[PDB]
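A.B. asks: Turn this into a model:
(5 chains)
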Amino acid sequence: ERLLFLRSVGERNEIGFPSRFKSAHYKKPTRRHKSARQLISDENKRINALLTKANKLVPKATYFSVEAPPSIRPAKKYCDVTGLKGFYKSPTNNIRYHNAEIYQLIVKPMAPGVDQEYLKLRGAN
Amino acid sequence: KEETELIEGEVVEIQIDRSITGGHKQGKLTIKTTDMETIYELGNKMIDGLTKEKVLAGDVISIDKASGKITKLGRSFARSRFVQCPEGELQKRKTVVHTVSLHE
Amino acid sequence: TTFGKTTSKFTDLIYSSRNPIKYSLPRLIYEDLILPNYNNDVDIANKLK
Amino acid sequence: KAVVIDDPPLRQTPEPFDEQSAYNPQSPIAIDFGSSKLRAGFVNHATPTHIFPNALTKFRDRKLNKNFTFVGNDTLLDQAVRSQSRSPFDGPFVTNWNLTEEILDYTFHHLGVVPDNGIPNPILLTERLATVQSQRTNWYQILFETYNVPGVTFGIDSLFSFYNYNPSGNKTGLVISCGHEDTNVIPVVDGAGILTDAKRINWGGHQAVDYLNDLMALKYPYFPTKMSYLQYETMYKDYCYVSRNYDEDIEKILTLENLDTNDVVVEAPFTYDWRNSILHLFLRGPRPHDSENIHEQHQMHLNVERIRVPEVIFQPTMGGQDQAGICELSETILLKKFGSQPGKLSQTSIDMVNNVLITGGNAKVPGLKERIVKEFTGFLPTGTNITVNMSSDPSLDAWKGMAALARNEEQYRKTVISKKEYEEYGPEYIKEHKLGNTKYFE
Amino acid sequence: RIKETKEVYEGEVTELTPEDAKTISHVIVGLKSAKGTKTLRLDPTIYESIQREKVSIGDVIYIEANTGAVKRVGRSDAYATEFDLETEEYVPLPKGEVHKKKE
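C.D. replies: Numbering: from 1, shown residues only, chains lettered A, B, ... in the order given. For reference, the structure is listed below:
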């Protein structure tokens, strides 16, 4: 029954290749995948090309003018292990910490390479 | 009875960079106790307060942040006055009991 | 004096001479007797007199 | 006592469909194409009739040798068909189109439509602020060619919610949108979205549950059981809240008095004193830890993250984004823009302050409105009237904006793009109305 | 027995912009507390008293209206992380209003 219950939903929700909902004329083209990384770059080189052609236009509302500017207030520093307020920073692996217990038990004896996974959260690597 | 926060420890390395005219100065300070080590980015007035009262590496100093007063306790145990390296937390809150006469 | 001494393209010689005797004063006497605040009348009495 | 979490239970009854006899060919159809959920329904109702997660599975059957298709709430029938679900979105954009085409076919079937030569109803659609021409070009392509639509229109969901709660179309306010993949602050003057001043923070609920993933993986590196996206999503849902002031909370969140009440213990599913250690109070809470217990080896303690995970939308440097928070974008909008000297608010700024609107699905977090009110009272002049409005469920306001714009037939027709306009002007053509996007250049 | 009043503005300095006409006409000072912000116009004498106490942007100050006394409480906690080590003391924002009146 459990293996046959999904077949009921399969036979109630099927749509054939001559589908009822789409138009009669199709001429379906082929499409590349074009993931989220390349769309930003092709848009960026598009606006750069249009700006260089116009220079030989001030922008009003694009993806790269909407984005939030960096802050002007000084950022707060936090402990990379616990999330509490970080008074000190280790001179070797550059990892902030709260007190001496955290340093001696986590920050000192840790393996190489875990520094990058600790600093990947705030984007400091 | 009042509490004030002080920093005491042994100086490991002092780096100070100056410009051509000396208008802006940047610096780092590496300090340690027997339980922890840290590095500090310094501002201009702390750089001026470290250049005055000449601090080299291997000196045990005490820093008061709110008043800017730095006192050299001495030199540590590296012969190559002699005091011991401080232990515990670098940032400590000590409660000092005052007694002031009414004549004062 | 207790001053900033050395324990051994220019050098800085800054005035740093102090006295070995220290007179310690609590913050409360300063903040409630010499500095003006909302709960004391230093500046009002100064203007009046 | 520790609570035990699991995956959310599968839906027992399949999602049904509206009756085909009630279908009429001149009613518009409304679609909220969100990255987390899809909302669809006919205009004449007030609430959606079809809300399902935006996912599709291609089940291959061994005995039938057929590739079946389960969409939306049909994916919440089996664990194995839930775990293989694939969303059309990769980031804030849509990257594949066959999945979206077959999703739209499924939701046309479940709406009770008996069409011919494509779809005969005009469509109501969402679009992201400052989109790529590839996105709206492909949308124009799939609609105006595959579905034979009479007329389309586009808009942003935050402005649509602003129209829903201000149906006059001439009001002035500020919209703060807390979405799945982004956070926006859009200024509205006289009912028109001023999109030359709108700001985007690249953070949402997806990045928040990913942050909880990384924090739990880096806090318990020897945890034996691997947890999926859904259990960390529900730990984000029931045990996360926004602090009133984040600075004083982290100075006493690991004391013993606070941890007696504000500590949550979570159990994973399976078949020299400790009171002076802040590391033990961080890891195993205010109770003694038995390292040899089987049950205590499947335990995670939520103490500090509960206020740290929702705080990234106020300080985005914590999450790795060099951007300003919600409050400082509101600061510059209300104090150094729209003709306001800092220290002297103009009239426009006063009408934006008096009508602050919070929308989006990620506004479910407790304490957000009071924190926004506290900060806004912090940086505004004394005696300024501050009003912040929050919906009962802010995830449905875009479809109510759909229905409110569709019922008002007077200003509907300023936004519609029909077949003739698209064929005359091509895919590179933007309909500049109050409640959608604008031209890329001046 | 003299009946007097006490009028005090306290808060964090957000704007300190002076304008001339080598002599300053006035200075406009902006002050911030936890309950809002209030801007004030000031005479050159109190501007000279501000310059004597070495007041910059981000410092919590104390101004009494009748006498013109200026006291610097310290820098604010919002600028406490501009350096790791500094010679300045960092005091929190006042939790009340900027303007206080008392007989």
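A.B. asks: In chain D, what residue lies closest to chain A?
C.D. replies: residue D:320 (3.1 Å; Cβ to the nearest Cβ). C-beta here means a position set from N, CA and C on the backbone, and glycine is covered the same way.
A.B. asks: how near is the closest residue to chain B within chain C to residue B:17?
C.D. replies: The nearest approach of chain C to chain B comes at residue C:4, 3.4 Å away (Cβ to the nearest Cβ). Residue C:4 is 21 Å from residue B:17, where distance means Cβ to Cβ, to the nearest Å.
A.B. asks: same thing with residue D:369?
C.D. replies: Counting by Cβ to Cβ - residue D:369 and residue B:17 are separated by 48 Å.
A.B. asks: which one of these two has more residues nearby?
C.D. replies: residue D:369 (16 against 10; other Cβ atoms under 10 Å in any protein chain shown).
A.B. asks: wait, doesn't that one sit right on residue D:387?
C.D. replies: No: taking contacts as Cβ atoms under 8 Å, residue D:369 lies outside contact range of residue D:387: 10.9 Å.
A.B. asks: Let me know the helix or strand that the residue nearest the centre of chain E is in.
C.D. replies: When Cα atoms, centre = their mean is applied to chain E, the residue found nearest the centroid is residue E:61 (3.6 Å). Per DSSP states H and E, residue E:61 falls inside strand E:59-64.
A.B. asks: which other residues reach the helix or strand that that strand is followed by?
C.D. replies: Downstream of strand E:59-64, the next assigned helix or strand under DSSP H and E is strand E:70-76. Contact with strand E:70-76 is made by C:35-37, E:10, E:12, E:46, E:49-50, E:52-55, E:58-63, E:88-93, as judged by Cβ atoms under 8 Å, 6 or more residues apart in numbering or on different chains.
A.B. asks: who does the nearest residue to residue D:388 once chain neighbours are set aside bridge with?
C.D. replies: Nearest residue to residue D:388 in three dimensions, chain neighbours excluded: residue D:356, at 4.7 Å (Cβ to Cβ, 6 or more residues apart in numbering or on different chains). Beta-bridge partners recorded for residue D:356 (DSSP bridges): residue D:174, residue D:388.
A.B. asks: neighbours of residue D:356, just the number please.
C.D. replies: Neighbour number of residue D:356 under other Cβ under 10 Å is 21.
A.B. asks: Next one: it from residue D:384, what distance?
C.D. replies: Separation of residue D:356 from residue D:384 (Cβ to Cβ): 12 Å.
A.B. asks: hey, where'd the strands end up in chain B?
C.D. replies: Along chain B, counting by DSSP state E, strands occupy B:2-17, B:26-32, B:37-42, B:59-64, B:70-75, B:91-96.
A.B. asks: Quick check: which of the ones you listed is nearest to residue A:31?
C.D. replies: Across the strands of chain B, residue A:31 has its closest neighbour in strand B:37-42 (51.4 Å, Cβ to Cβ).
A.B. asks: and that closest one, what does it pack onto?
C.D. replies: strand A:88-89, strand B:26-32 (3 or more Cβ pairs under 8 Å, 6 or more residues apart in numbering or on different chains; DSSP states H and E).
A.B. asks: correct me, but residue D:168 touches residue D:191?
C.D. replies: Yes: contact criterion Cβ under 8 Å: residue D:168 and residue D:191 qualify, at 7.4 Å.
A.B. asks: who's more crowded, these two?
C.D. replies: residue D:191 (18 against 8).
A.B. asks: quick one: that one from chain C, how far?
C.D. replies: As for residue D:191, its distance to chain C is 47 Å (criterion: Cβ to the nearest Cβ, to the nearest Å).
A.B. asks: before we move on, what about residue D:218?
C.D. replies: The gap separating residue D:218 from chain C is 43 Å, by Cβ to the nearest Cβ.
A.B. asks: Pull the contacting residues for that residue.
C.D. replies: By Cβ under 8 Å, 6+ apart, the contact set of residue D:218 is A:117, A:118, A:121.
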